[PDB]
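1. Take a look and give me a structure for this.
(3 chains)
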Amino acid sequence: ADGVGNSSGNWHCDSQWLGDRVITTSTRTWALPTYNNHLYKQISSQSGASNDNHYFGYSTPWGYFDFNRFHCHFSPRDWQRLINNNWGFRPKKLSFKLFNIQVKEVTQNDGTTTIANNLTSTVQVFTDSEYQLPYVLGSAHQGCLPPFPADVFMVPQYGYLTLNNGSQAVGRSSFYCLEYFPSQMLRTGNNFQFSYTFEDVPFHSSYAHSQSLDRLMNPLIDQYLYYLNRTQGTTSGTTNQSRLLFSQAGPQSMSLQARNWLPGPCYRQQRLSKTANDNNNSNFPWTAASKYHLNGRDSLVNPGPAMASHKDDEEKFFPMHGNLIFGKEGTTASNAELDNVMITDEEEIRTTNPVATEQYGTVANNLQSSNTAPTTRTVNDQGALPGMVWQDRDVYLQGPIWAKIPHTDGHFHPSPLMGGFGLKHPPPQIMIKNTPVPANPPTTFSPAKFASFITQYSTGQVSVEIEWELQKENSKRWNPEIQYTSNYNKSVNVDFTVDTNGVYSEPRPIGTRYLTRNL
Amino acid sequence: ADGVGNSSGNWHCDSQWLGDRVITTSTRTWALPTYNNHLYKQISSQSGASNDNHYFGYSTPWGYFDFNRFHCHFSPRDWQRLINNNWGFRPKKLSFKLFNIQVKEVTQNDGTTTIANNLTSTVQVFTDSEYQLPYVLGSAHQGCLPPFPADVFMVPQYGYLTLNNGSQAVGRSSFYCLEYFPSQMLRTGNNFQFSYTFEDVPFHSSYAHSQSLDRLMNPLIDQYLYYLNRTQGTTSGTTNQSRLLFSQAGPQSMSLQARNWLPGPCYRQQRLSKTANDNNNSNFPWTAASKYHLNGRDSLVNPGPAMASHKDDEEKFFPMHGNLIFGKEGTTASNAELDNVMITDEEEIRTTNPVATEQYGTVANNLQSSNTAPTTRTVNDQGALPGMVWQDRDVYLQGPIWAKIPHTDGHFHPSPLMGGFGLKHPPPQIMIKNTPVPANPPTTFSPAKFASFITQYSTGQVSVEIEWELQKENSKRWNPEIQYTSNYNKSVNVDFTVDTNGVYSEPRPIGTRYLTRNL
Amino acid sequence: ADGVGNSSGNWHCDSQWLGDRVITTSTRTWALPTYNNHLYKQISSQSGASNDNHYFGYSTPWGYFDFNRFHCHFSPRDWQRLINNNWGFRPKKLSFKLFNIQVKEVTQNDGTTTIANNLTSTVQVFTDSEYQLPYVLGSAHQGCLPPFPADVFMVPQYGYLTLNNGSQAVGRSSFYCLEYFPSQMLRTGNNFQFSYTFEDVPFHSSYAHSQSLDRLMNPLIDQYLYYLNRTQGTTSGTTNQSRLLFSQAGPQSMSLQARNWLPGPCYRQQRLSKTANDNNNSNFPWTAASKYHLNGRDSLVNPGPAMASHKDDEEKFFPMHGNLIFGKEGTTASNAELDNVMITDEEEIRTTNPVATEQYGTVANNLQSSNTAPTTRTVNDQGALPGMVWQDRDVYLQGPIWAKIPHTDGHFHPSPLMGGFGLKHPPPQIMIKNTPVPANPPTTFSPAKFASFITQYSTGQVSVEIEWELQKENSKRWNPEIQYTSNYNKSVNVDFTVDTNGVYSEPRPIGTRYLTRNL
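-> Numbers count the residues shown, from 1 in each chain, chains lettered A, B, ... in the order given. Find the structure here:
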């Protein structure tokens, strides 16, 4: 509530480190055009497309604000500081502000274009706090507050999908008009505020394990429980006849002991060597990929269950569609090379989670007897058994922050398979739009739809602030620990900075799990 | 506590719709004979029966009252009203009343029979509130308060099973005498009251989903995560040599995106076409049916996990033993025709739950390399993985209401696989019985068991009342919704009414899931 | 805090039975030598050992106190009394005391040895209440308070493992120095006290089931739900053509009814007959055993999921590595005979848990049609499905009491697969050590490590006391129940006593599950 010559809000950014929590705030500049010429448009897949790539939905004239990525909040120094001293963290509070809003009209009369101020034009903004519109965040889409504060960004367009029977629709499909919501209209001088509180959520495990499930015992003392170790006879003359013999497992026969827990569930995936020539010479993806199909159409499990990337001393094999792959700065979005991308590694969970390329184990599948020898079968898909303990997938400075747990009758582990915190009531989606300004109407009344508007766009500043709780580490380890560092060697340009052309880049992915804990 | 000429209780029936809850009450007339001639009888399976159809137990002279079906409480108009405006519901409170009790003696001297009043005879009634007798409700048995209030019904006989080693018993087996319980004896003039409160239970999802798991994203914006899309070379001269290539999934390649969740667990079942000639010409049931065996004996999963009946545009295939099948009025209980039954459809859960006839997907099962091409295997049985989200089976106007969760150390999803609400402490079983009236004893004392009683039966009125909580719908859908209606076309008789012979019938099954929600 | 001639603490032992809880206390005498000559020693597996039997870790000069076994607390009469009247139990409170501590010096000058008092020598003791050192309890190791109170026992040595890449280590490995902890030093006259409270934990099911999952219904009343029972035609002339026919399942066709729940998850294991000649003539163990591998190395599931040992009337087959095996008194720890060990039976869970030797069932794996007949596949590995109900493994008088649930992001059923109660914060490990007493130092200062100490050991008394909650049984069973008893027949020596040589022995394993309950 001000005039045209008074600024609303200021540029805050920065971050504050307190005793048990950190407040990270960031401000950016945003631009917004008009979408679909102020029209809601039905969108069907295509005539003759693939059965799996079918979809029906709508596209609206509304934009929305995305900040669901760590790099859209944290900074490389702040991230390194957070992960090198903490065993966990989670969000606590959220604040959002829109200000310094300008609506600018555009005129075209020739090859040149002219831009002028339009002080009387409003802008509509509203937040879906009741979670009634479809939630499109948490799908790893583009367009959150660029990692560099100096970058000016663009508000993505909003759209949603619904039930479809092929390329068509069904009566059960829903249509949502976003103008049918109470929304706030604001001019140059007004501003929008919003506050939100996260619900209880488990701390993210920002640490590795210094122990292993299979090696969790005393290396000095035998077990007092007996196990069958021989079926033939040890004594002379009985080595060719059956006789059950029982031993006690000690430090030597350490693989035959009794145990309390089992490794996490498995869903096997194919393996690929980072060297091109070492792989099979065929286009096997989508024909040899672990995929799941529902309603008669297939789909690919890209993240999949949290499972270790490779074994020890491999460093060369990665599962097909088994880990997040990021893009380097200035990389094509279609058929990029292996050296132009950034494949994340989840080896830290080798201790608890089974490796993705290999199997869960073997199970007996017959009744052995004198005539028939015992036979087993390898099992590659494993559900949930009692006593199972596993670890969740790590999050990265560039990765997703949260997701919306679907409103369904059943859940097993609501932790998102792509990233961090799953929330029943996540931060609501803020949607912003430019109100349509009609051009000169006809002098004689006409009932026809008005389809001659004045072309104009908008720009402004958006501030976000999240308060995060931190879990401190108290480890009794004697020797030092592994931590994130910058290489001291000479380089043309330093990491996480701008080049001579002023383009910000991220060289490597950074994971949180660096400190250690005992199982 | 009254005389012989004063009535206890009245006929209430009807239902009341309040702001956030509905009170449904119904009164019926019941008859009760004497069972087993006032004797407890041991019952074994048979000599020479099938191994799977073996059982040992007891049958008592006690009846019991059953009202564990929606049609025994609701009415077609009330049911349609409930399901067309609500997103859920659950039971809150229960009241039960027995009154207007008459004991009538029967005399036979010739082909004719005479019935007289017997004012001094009592009736025993008691409720197992401590859950000590076996719970036989929740097994889809016959004999609850008929759907039509004017119908007079019959109290079913009580019996139970125990451990058996073949047709015989084991020392671990238990015997329960129901006369060994504190019970209330009541004459003509007395009445029995009972009140009960349901424990906390999740709301039943009386809605479908307007979105799908595989289509939950923005149809306009690409993903920023890379995925391997090619193994050969795209450039000329490299189409026959291996080279990993990575792309970004957008609206076109919508089946290759990253996702957070997986469809519910699966347990595959055989498929049957509703057309007889389209099926295989063999007696495959019980020889090609998904069955589970314990203690060395098999058993059939009739409901099975909640899984979609068929794909889109099928409308003709149903799983074998994969959905509830109801009987039409006046239908034989042995080898009825397909047109004389009523097969329920669970297609509403196609969005989340996998189809029953098809598989969960495929999983890689080898280590591909230059020499060996990758190989996958189809998986038809799937356990529980992290990130799994599913939906429960719908309930119907004629279906079961609740069940008793077994008292065991472990549970995964205590929702009954046949129907609605699972309860650790369900409504207790009320048991009623006619006390034995001896005939004239011998003049000289004899220690022999008294086995000459006076033949008589009982009749009375039973009132039930359940208070149910309701969850209102607040949807932002623009277009109208699908709802239950009666066909306006001319017909000989209208649905859910009596015919010229005064026989009440139910033409079709009615499911609760009609409104929609976003995932 | 006393002198040299005043005793600290007394010998309590005994047990008290109160209305709803039992307090079991026991005192023992312990001895303690010096370990590793007061040195921390790195321990690697070996050069050329098996890949699976690889390990890296450390061994310390510290002892620790173990009392994680029922026989180290209860007594045969107390155990029999507990299991013959109770439906459950769990720990409530813990108290621990160390007193009457003497440090004795040893001198060797010839074949003879002399032992003298050393009043000025201290002893170090501390409890890891913050759970920072690796937890080596709960691995079925040797050395808890002997079952007979008169036996004097030996304090086991402490050691731990860490991450290893083969026989070597990795930078992520941790080293813990136990001298780096605040510890209490105590002489002859001082004593150590400790108190602890268990966290909430489910009652242990010390009962069997009088009913079965597959037989949980009324043996007298048919079901009102129809099931496909025939695919051919029953009428004459249609027995060779397809026609779906539906029936109602009653007491006769009791294996084709509808049900609410499924048996627990399965993980098949091989079967062995107790008769040697009836088994296959090969050394199949470890080559036909259900095993799971992680980080590229295998491991054996000795307890495995809680699954029934055998079917009815078998009494001769046991799963390979599927139940706890105890040793008889004076039995060799390497290749003992079948008659010299004690194999526990878990048949009591046949009602709910599937048998270990057999499969979970069969699942359809194709689309049957006119041309192709339906085909099914047997499933031996089963995950977790909705509606699954199972039972946990029984505990024994000689078996483990508790275990430490690993600190991980995910758990399915934290009940240990080897035994009883899983605890996030179990009773902490008390560690005790003899401080090093230097021998005469050189007259001239030398910076070399001091490696000439005085040889001496320690002895003392340790008292433990646990308060346990009890769940009373209120069963309506008429006939008597099965209970534990001692055979009245004449014998050379009675059970659970000492022989002519004063050696205490345990003849048979005792399980808690003796009383019964309905599902």
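2. residues in contact with residue A:42?
-> A:56, A:57, A:58 (Cβ atoms under 8 Å, 6 or more residues apart in numbering or on different chains). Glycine gets a C-beta too; all of them are placed from N, C-alpha and C.
3. Excluding residues flanking it in the chain, which one is nearest the first one?
-> In space, residue A:56 comes closest to residue A:164 once its chain neighbours are excluded; the distance is 3.6 Å by Cβ to Cβ, 6 or more residues apart in numbering or on different chains.
4. Which residues are in contact with the one you found?
-> A:44, A:45, A:54, A:55, A:56, A:57, A:170, A:173, B:215 are the contacts of residue A:164 under Cβ under 8 Å, 6+ apart.
5. Verify the contact between residue A:130 and residue B:474 for me.
-> Yes: counting by Cβ atoms under 8 Å, residue B:474 is a contact partner of residue A:130 at 7.3 Å.
6. Need phi/psi at residue A:277.
-> Here is the backbone geometry of residue A:277 (degrees, to the nearest 10): phi -70, psi -20.
7. Can you tell me how far it is from chain B?
-> 6 Å (Cβ to the nearest Cβ, to the nearest Å).
8. Run through the residues that contact that residue.
-> With Cβ under 8 Å, 6+ apart, residue A:277 has these contacts: B:241, B:242, B:370.
9. re earlier: the residue nearest to residue A:56 in helix, strand or coil?
-> Three-state assignment for residue A:164 (DSSP: H, G, I helix; E, B strand; the rest coil): coil.
10. Can you dump the C-alpha atoms of stretch A:90-100 in CSV for me?
-> Output in CSV follows, covering the C-alpha atoms of stretch A:90-100 (Å, rounded to 0.1, in the frame of the first residue of the first chain):
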residue,chain,number,x,y,z
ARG,A,90,15.1,-30.6,8.1
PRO,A,91,13.0,-27.6,7.3
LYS,A,92,11.1,-25.7,10.0
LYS,A,93,9.6,-22.5,8.8
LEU,A,94,9.0,-20.7,5.5
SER,A,95,8.4,-17.0,4.5
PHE,A,96,7.7,-15.7,1.0
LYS,A,97,7.4,-12.2,-0.3
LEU,A,98,6.6,-10.5,-3.7
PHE,A,99,7.4,-6.8,-4.2
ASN,A,100,8.7,-4.1,-6.5
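11. sorry, back to before: could you single out the nearest of the contacts of residue A:42 to chain B?
-> residue A:57 (5.2 Å; Cβ to the nearest Cβ).
12. Identify the bridge partners of that closest one.
-> Beta-bridge pairing for residue A:57 (DSSP bridges): residue A:43, residue A:161.
13. so it makes contact with residue A:163?
-> No: if you go by Cβ under 8 Å, residue A:57 and residue A:163 don't touch, sitting 9.7 Å apart.
14. who's more crowded, these two?
-> residue A:57 (26 against 23; other Cβ atoms under 10 Å in any protein chain shown).
15. Might you report the residue contacts of the more buried one?
-> Contacts of residue A:57 (Cβ under 8 Å, 6+ apart): A:42, A:43, A:159, A:160, A:161, A:162, A:164, B:219.
16. Adding distance to residue C:508, write the residues you listed out as JSON lines.
-> What follows is the contacts of residue A:57, written out as JSON lines (distance: Cβ to Cβ, whole Å):
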{"residue": "A:42", "distance to residue C:508": "76"}
{"residue": "A:43", "distance to residue C:508": "74"}
{"residue": "A:159", "distance to residue C:508": "71"}
{"residue": "A:160", "distance to residue C:508": "68"}
{"residue": "A:161", "distance to residue C:508": "65"}
{"residue": "A:162", "distance to residue C:508": "66"}
{"residue": "A:164", "distance to residue C:508": "66"}
{"residue": "B:219", "distance to residue C:508": "69"}
